[PDB]
Amino acid sequence: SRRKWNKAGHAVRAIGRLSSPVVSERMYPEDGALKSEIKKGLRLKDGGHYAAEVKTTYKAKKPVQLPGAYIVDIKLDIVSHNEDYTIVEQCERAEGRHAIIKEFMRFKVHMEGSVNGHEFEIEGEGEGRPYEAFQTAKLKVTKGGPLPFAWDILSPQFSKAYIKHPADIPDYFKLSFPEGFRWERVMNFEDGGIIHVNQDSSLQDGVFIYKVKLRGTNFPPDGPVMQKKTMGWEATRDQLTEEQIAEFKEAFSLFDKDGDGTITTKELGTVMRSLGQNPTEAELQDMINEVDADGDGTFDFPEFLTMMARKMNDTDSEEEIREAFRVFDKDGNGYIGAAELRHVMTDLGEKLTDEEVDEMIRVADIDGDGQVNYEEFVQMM
Ligand SMILES: [Ca+2]
Ligand SMILES: [Ca+2]
Ligand SMILES: [Ca+2]
Ligand SMILES: [Ca+2]
């Protein structure tokens, strides 16, 4: 009965999270530069997390309007690679939230660097849609291959022009062209490994030209970077208990109505329209892209668990519970009545009997007025 409340509450919070993806890069103006922080670290093959801190300074080559502080969601995937990673394909979509850069742009990149004293060069070519929010690139190790460390340390080094910015957030990167921009970056990792990166971005002949210089040092030789034990960048996650996994499985089942192990944009659209929302099919698609961790073009249960485990501060946990309450509290009068509850459960796809609805109210109603107020809801969730 309490389980029924948690099933429903988790599903509504899932919709909330699907509609609000973790920040990837936090942007902030400072000292005449646009700076950023990234708190994502690296998922290890053993399931653990290898923490990183990444600080970047971006600086246009001519004076350009700085924006106010904002957020970039970025999803980067390794689309393919040869056996030893000397040739790699990656792709990414990026979006900012609170004439010469054409609709379609190609780029060329050249990296030279060193990690624990291992010198290498990479040459690459990419393309995408700078306003739409999409890019792909093919990278090839031209010297020092095969690389004796995780590709993941290089992937975020290879394209800021390809970030969709809304109209009221100045696009520092796009506005800097044709002359372009430089960046500098420092990454610290939890075992003391360090990487300094310098980048130059310009526009020649209609093509973006990227130059990168990277120097990594102090990685332990048995550590996960030098032993290739990493699997992509991920945000910090909480550990889930066995019970929670059970709960979240039930919440998942309300979306996956056909039972195929996968949630689709159709299945998600269906629950979201019953709930009275109407997101556009571009939007439903974006929502699944952001949580499709393996990039196989489906949203499955382990990926649903990842979303539900993302580490969130207490302001933010509390806001999401407030938000869940507002969905159940259809009229917004601060009380969930029987009829409001029945309708939300039906909307979620839990068909319930009158008496089951009564027991749900009965178990949540501390003060006995026949409705559930916010404090009583919190107690449930
Ligand atoms: Ca399904
Ligand atoms: Ca997937
Ligand atoms: Ca109400
Ligand atoms: Ca009550």
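Along the sequence shown, the residues carry numbers beginning at 1. In listed order, ligands and their atoms are each counted from 1. Note: hydrogens, waters and symmetry copies are ignored here, and every other heavy atom, side chains too, is used.
Because the distance cut-off is set at 3.0 Å, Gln371 qualifies as a neighbour of the Ca ion (ligand 4) through one of its N, O or S atoms.
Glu376 meets the salt bridge (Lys or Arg N to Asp or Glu O under 4.0 Å) test with no other residue; sequence neighbours excluded.
Within the 4.5 Å cutoff, the side chain of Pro21 has no heavy atoms near those of the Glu95 side chain.
Nearest N, O or S atom of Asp365 to the Ca ion (ligand 4): atom OD1. Shortest distance from the Ca ion (ligand 1) to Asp256 is reached at OD1 (N/O/S atoms only). In terms of distance to the Ca ion (ligand 4), the nearest N, O or S atom of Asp369 is named OD1. Looking at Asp367, its N, O or S atom nearest to the Ca ion (ligand 4) turns out to be OD1.
Around the Ca ion (ligand 1), the two atoms OD1 of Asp258 and OE1 of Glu267 are separated by an angle of 140°, to 10 degrees. With the Ca ion (ligand 3) as the vertex, OD1 of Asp329 and OD1 of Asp331 span 80° to the nearest 10°. Annotation: angle subtended at the Ca ion (ligand 3) by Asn333 OD1 and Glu340 OE2 is 150°, to 10°. Here the Ca ion (ligand 1) is the vertex; the OD1 atom in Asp260 and the O atom in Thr262 give an angle of 70° (to 10°).
Below 30°, between 30° and 60°, or above 60°: for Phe252 and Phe301 the angle between ring planes is above 60°, a perpendicular geometry.
A ring-centre distance under 6.0 Å is found for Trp151 and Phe158. In this structure, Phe219 has its ring center no closer than 6.0 Å to that of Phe149. Between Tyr162 and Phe208, the ring centre distance stays below 6.0 Å.
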Inset, instruction - In sequence, state the C-alpha distance, the side-chain angles, and the governing distance for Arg17 and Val291, and then conclude on side chain to side chain contact (heavy atoms under 4.5 Å, CB included). - result: CA-CA 10 Å; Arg17 291 188 184 202; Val291 288; over 6 Å; no

